[PDB]
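Chains as they are written, first to last, in the numbering used here: chain A, 147 to 268; chain B, 147 to 268; chain C, 147 to 268; chain D, 2 to 462; chain E, 2 to 52.
Written below as C-alpha cells is the structure these notes are about.
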Amino acid sequence: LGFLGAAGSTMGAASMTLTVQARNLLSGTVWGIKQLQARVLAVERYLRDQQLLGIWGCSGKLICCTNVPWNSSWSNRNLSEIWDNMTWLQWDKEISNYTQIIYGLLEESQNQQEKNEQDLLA
Amino acid sequence: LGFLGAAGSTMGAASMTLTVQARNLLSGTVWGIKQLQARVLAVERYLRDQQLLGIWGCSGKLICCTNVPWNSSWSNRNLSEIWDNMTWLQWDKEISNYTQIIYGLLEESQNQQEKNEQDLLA
Amino acid sequence: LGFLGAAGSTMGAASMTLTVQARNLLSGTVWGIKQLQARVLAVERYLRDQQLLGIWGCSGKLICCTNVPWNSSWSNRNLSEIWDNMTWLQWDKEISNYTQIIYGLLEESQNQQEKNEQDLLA
Amino acid sequence: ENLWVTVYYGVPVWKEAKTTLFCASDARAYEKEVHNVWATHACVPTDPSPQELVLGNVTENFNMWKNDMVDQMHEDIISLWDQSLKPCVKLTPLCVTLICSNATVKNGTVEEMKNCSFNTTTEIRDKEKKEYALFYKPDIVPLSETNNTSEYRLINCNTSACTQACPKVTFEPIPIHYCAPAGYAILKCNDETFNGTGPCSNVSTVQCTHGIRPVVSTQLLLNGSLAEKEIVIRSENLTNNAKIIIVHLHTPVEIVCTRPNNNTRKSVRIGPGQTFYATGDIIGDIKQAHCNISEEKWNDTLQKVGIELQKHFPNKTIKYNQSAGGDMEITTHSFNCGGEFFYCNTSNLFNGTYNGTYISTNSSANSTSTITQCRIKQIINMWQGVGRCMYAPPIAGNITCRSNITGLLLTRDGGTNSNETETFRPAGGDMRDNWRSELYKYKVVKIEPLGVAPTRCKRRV
Amino acid sequence: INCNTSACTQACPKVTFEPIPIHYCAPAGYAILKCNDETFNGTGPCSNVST
Ligand SMILES: *[C@@H]1O[C@H](CO)[C@@H](O[C@@H]2O[C@H](CO)[C@@H](O[C@@H]3O[C@H](CO)[C@@H](O)[C@H](O[C@H]4O[C@H](CO)[C@@H](O)[C@H](O)[C@@H]4O[C@H]4O[C@H](CO)[C@@H](O)[C@H](O)[C@@H]4O)[C@@H]3O)[C@H](O)[C@H]2NC(C)=O)[C@H](O)[C@H]1NC(C)=O
Ligand SMILES: *[C@@H]1O[C@H](CO)[C@@H](O[C@@H]2O[C@H](CO)[C@@H](O[C@@H]3O[C@H](CO)[C@@H](O)[C@H](O)[C@@H]3O)[C@H](O)[C@H]2NC(C)=O)[C@H](O)[C@H]1NC(C)=O
C-alpha cells in the first residue's frame, strides 16, 4: 500500500493495515558525523513513541483499547460521522489542544489498573 | 552454555535455553567515528528484529505460537523427522526460499486477529 | 513529582508513581564527537534494562509479579518491617550481594514457564 | 512464608559514577557570529527549566576534592581554546632580528615602552620593506652575546612558535552550564555551613549547574559567587602545608584597574593575504597601569579571614606575608580584562599581622582612602605545554576593570622558631583549583531503575 | 592579482568538474512529498501530491 497509502482517507481504511506505515523506521548510511547525528532516526523516535505507548499499557504497534473517558468538552462533533467520513489529517487538527492531558490520563490509569492486578493474585 | 552452544545441535536442545544467544547484543566502546558507526549493535539490529517479532504478535524473545498454516508445498520432509534429528544450521538452508511470504502472512494474520478483540470488547 | 521525588522515601510511596522516573531517558543534542558518544542514553541503557526486564517475562516498565521464591538466607530482616518503613536507597545496599543469582533464576523460570504454553495449547 | 520475588522498574537508587557533561550557554549569545564569543560555538543553547527540587528525606556524602567533574571542565575548555587558535595567522616573519632605539628616558617618574623595527614580507615574497612597532618590554629580549645593544629578539624561537589571536574573538567569559545526560542526574548540596566533606544533610536534585564564569586568574578569584552568611575556609588536610587553602568571602571587596596609556593599533601586512597588528605611537603622556582597592574594607575583610584561620591553630597568631617570588607567572596576580593581560606585583595587599582582636574601621580617618602596580605582556604562555603561545593583539583606546573579589588562594607556611606569629601567604596554583572553588556544591550520580523486593503475588503460567 | 586579499590553491588535476546528478534524500520517519500540478505559481495548494 506504500508509505502513505491512507493520507486523507477515511477512518476505516486508514485504521486497517496500519503496519505499512509503522515499519518504515529503518535506514541510514555513512556521510560522516552530521549524518550520524541523523541516525537519531528510529533510534530515538521509535523508542520515545514505544515508551509512551507501553507506559499506557499498550505494548503493541497497533490498535489498543484504553479506558480513559472521552468527554463532552473535547468532542463537539457527532460521534457517528467521524468513523465513516473523516481523515486523520484533519482529526489531529481538530483535537490538537488536549493531547497533553490525555497523555497523563492514560498513564495514571495504567498505574491504577496494574495495582489491582498486584492484589488480585496476592 | 556460551554464545553458540547449540550450533549444529538438534532442534530440541537448541530451542530450549534460547536466552544465552539472545542476550549477547551488548558490547562496544570508543574508537573514533568508524567505531561509532560500528555500534549499530542492538541499536539497529535488535530494534529491527523486535519490530518484526512484535508486528507478528510475538512480543517475547523466546518461543511464540503463531497461527499461519504450514503447507504441503513448503515442507516435503517428514514432520516427525525434523524436530528430533535436524539442526537449525541446515533447516534455514532448506526453508530459505519462503521467508518473504511468511513474513507478510504472519503480520496480516496478526492484524486480522486483533480486530476480533476490538469489536468483541465493543 | 520530579525526577527523584521518592529518593529516601518509603516503599508504598516509591512504588506507586514509578512512571515519573522511567520516562526521563530522552535528551541530548549536538556537541562534537563526544556528545554522540555520550548518547548511550536510552539507546543502550534502556535497551539493556528492557532486555533483562523482558527476558524475565515482565514486558512492562512498572510492577511485575515474578515467581522465584524469596529465601531465608537472603532476607534476615523481618518481612513486615520492610514494606512500611525502609527506603530503596538502603534496601539495594543490603541486597546487593545476590543480584547475579536472581538475574539467572528469573530467566530460567521464564523459560520453564513459557514452555507449558506449548503443551497447554497443543 | 512462600513469597514470590518481584521486580520493579523506576526505582530511586543512586550510584556515584563518572560521565561527560554538556557545556551549555545562555540564549542571547546565539544570534552572534562564529566564535563570538566562543561559548556560542562549541556549547549548546541552554534552558533554566525545570525548577530545582528538594529531595525531602536524604543523606548523601559529598567530596569536593575527589570530584573529577572539574577535570572534565578543564580538559573540555583547553580543547575548546586549542581549536580556537587554528584559523588565525601563525606570525613567523616577525621572529627576526629587531633593530630598536636606545635613547632611554633615565629621569624617573616614568616607566616606558620600547620602540623597535623589523623587515617584513609584503605581497612579493622576493622583497622586504621596513616597518616599526611599539613592544612592551617583557616580550622583547637582547639578541646575542655579541653586544650590539640595538639588536633585540622577540622572545620566541627559543622554545616555540606563536599565533596571533584573531580580532573576531573576544575573551569576556560567557556563563556556562555543565549539564547531564538522561540516565544521569546532578545533585546539589544545600548546606551553607559545609566543610567540603562528609554528609550534606540537605540535598536537591537539579537539572544542571548554575552559571559558571571561567574567569582566568592566578592569585585571586574575580567575578563569581559569594558565601551565604560568612567566611568558609576549605582544604583537604592542613597537615601538609603545601596544599592550597581556599577561602570564600561573604561581603564583596571591589577592585578596579586602568591602563591610562592610550595605545594605538598599527596594521602590518605579514605574508600573503594576512595581517599582523602592533602598537603605534602612544597618544598623550606616559603613565603607569594600576589597580585600586579600598583599604579599610580590605583590612576588615582580612581580619574577618583572620578570625577564621585562628580557629584551627588557636595558640598561634596570624601574619600575612609577601608572595613566593621567583618566576613572574607564579609570584604575581595576573588576569584578563578588556582582552589585555595584567601582571601585578601584589606585596602591598598582604603585609600585616593580625591578633584576634578587632581593630575597627570606625571612626573613618578618610573614606576616600585606597590601596593601589601592574605590567602588561603580549606574548603569553598561558598553559604549560598546550601550544603555549598566544600573541594578544593590542586594543585601541583605554580600559577599566571594576570587579569584585570573592575569595583567596593561600599557602599556610611552615613553622620557624615555634614563633607565635606563624605566617600565611598568597599562593599561585593550577587553574583546576580556580574552578574547584565554584563547583563544590555538585556531584554526579547514575540512576538504577531496576530493583527487586518481595511482593505477595503468585504467578500464573 | 592575488596577495591583495588572500592566498590561493591550485585545483588538483585528479578531480574534474562536470556535474554528476545528486538525489537529496530523506531519513526514515521523515518523508518527501512532490507537487504534481504543472500550472503551479510557487505557492498555494498543490491539488495533486505524491509521496
Ligand atoms: C619609533 O621609531 C620610528 C623610527 O624607527 C619612528 O618613526 C619615524 O617617525 C618620523 C616622524 O614622523 C618619520 O619622519 C618623518 O616622516 C615624514 C613623512 O611624511 C617626513 O615628511 C618628515 O620630514 C620632516 O621632518 C624631518 C625631521 O624628522 C626634517 O628633516 C624634514 O626636512 C621634514 O621637515 C620639513 O617638512 C615638514 C613637513 O611637515 C615641515 O613642517 C618642515 O618645516 C620642513 O620643511 C619626517 O622625516 C620617520 O619616517 C619614521 N620612521 C619610519 C621608519 O617610519 C616612530 O615615530 C617611533 N615611535 C615613537 C612612538 O616615537
Ligand atoms: C578612558 O579614559 C577616559 C579618561 O581617562 C575615560 O573617560 C572618563 O570616564 C569617567 C567614568 O569612568 C567619566 O567620569 C564622569 O564623571 C562625572 C563627574 O561629574 C560623573 O557625573 C559621571 O558619573 C562619570 O563618572 C569622565 O567624565 C570621563 N572623561 C574624563 C576626561 O575623565 C573613559 O571612560 C575611559 N574608557 C575606558 C573604556 O576605560
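For each residue, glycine too, the CB sits at the ideal point set by N, CA and C.
8 Å Cβ cutoff met for residue i and residue j
| i | j | result |
| --- | --- | --- |
| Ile177(D) | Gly408(D) | no |
| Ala268(A) | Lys207(A) | no |
| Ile209(C) | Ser161(C) | yes |
| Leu250(D) | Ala228(D) | yes |
Candidates the options: closest to residue i by CA position
| i | options | result |
| --- | --- | --- |
| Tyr153(D) | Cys96(D), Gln165(D), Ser161(D) and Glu129(D) | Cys96(D) |
| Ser221(B) | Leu208(B), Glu253(B), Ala160(B) and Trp237(B) | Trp237(B) |
| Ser173(B) | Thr163(B), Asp230(B), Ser161(B) and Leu187(B) | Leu187(B) |
| residue 483(D) | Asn316(D), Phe342(D), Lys298(D) and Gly388(D) | Past the edges of chain D, shown from 2 to 462, lies residue 483(D), and the structure says nothing about it. |
| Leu251(B) | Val214(B), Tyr244(B) and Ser219(B) | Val214(B) |
| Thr401(D) | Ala134(D), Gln52(D), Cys258(D) and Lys138(D) | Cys258(D) |
| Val176(C) | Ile209(A), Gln181(A), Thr175(A) and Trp177(A) | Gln181(A) |
| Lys320(D) | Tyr344(D), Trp384(D) and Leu350(D) | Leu350(D) |
| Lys317(D) | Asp286(D), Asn293(D) and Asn356(D) | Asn356(D) |
| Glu76(D) | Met65(D), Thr110(D) and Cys24(D) | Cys24(D) |
| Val166(B) | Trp234(B), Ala184(B), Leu147(B) and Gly154(B) | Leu147(B) |
Separation of residue j from residue i, as counted between CA atoms
| i | j | result |
| --- | --- | --- |
| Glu113(D) | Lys107(D) | 10 Å |
| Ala152(A) | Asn49(E) | 15 Å |
| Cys209(D) | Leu221(D) | 26 Å |
| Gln323(D) | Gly353(D) | 10 Å |
| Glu190(A) | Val189(C) | 7 Å |
| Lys261(A) | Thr456(D) | 12 Å |
| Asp230(A) | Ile247(A) | 26 Å |
| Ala27(E) | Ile33(E) | 7 Å |
| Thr265(D) | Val38(D) | 24 Å |
| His42(D) | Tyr192(C) | 31 Å |
| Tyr244(A) | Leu164(C) | 24 Å |
| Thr122(D) | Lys128(D) | 7 Å |
| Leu198(A) | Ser218(A) | 25 Å |
| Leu225(B) | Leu150(B) | 26 Å |
| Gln311(D) | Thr362(D) | 21 Å |
Closer than 7 Å: residue i CB and nearest ligand 2 heavy atom
| i | result |
| --- | --- |
| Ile177(D) | no |
| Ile372(D) | no |
| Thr401(D) | yes |
| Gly398(D) | yes |
Any non-hydrogen atom of ligand 1 within 7 Å of residue i CB
| i | result |
| --- | --- |
| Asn262(D) | no |
| residue 465(D) | The question about residue 465(D) has no answer, for chain D in this structure spans 2 to 462. |
| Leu222(D) | no |
| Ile283(D) | yes |
| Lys288(D) | no |
| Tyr133(D) | yes |
| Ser118(D) | yes |
| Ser102(D) | yes |
Contacts of residue i in chain G (Cβ-Cβ under 8 Å)
| i | result |
| --- | --- |
| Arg194(B) | Going by chain labels, chain G is absent from the structure shown, which instead holds the protein chains A, B, C, D and E. |
Neighbour-count burial assignment, residue i, 16 or more Cβ in a 10 Å radius
| i | result |
| --- | --- |
| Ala166(D) | buried |
| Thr412(D) | buried |
| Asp431(D) | exposed |
| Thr44(E) | exposed |
| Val14(D) | buried |
| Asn435(D) | buried |
| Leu171(C) | buried |
| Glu439(D) | buried |
| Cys47(E) | exposed |
| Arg433(D) | exposed |
| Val6(D) | buried |
| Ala40(D) | buried |
| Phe41(E) | exposed |
| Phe314(D) | exposed |
| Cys390(D) | buried |
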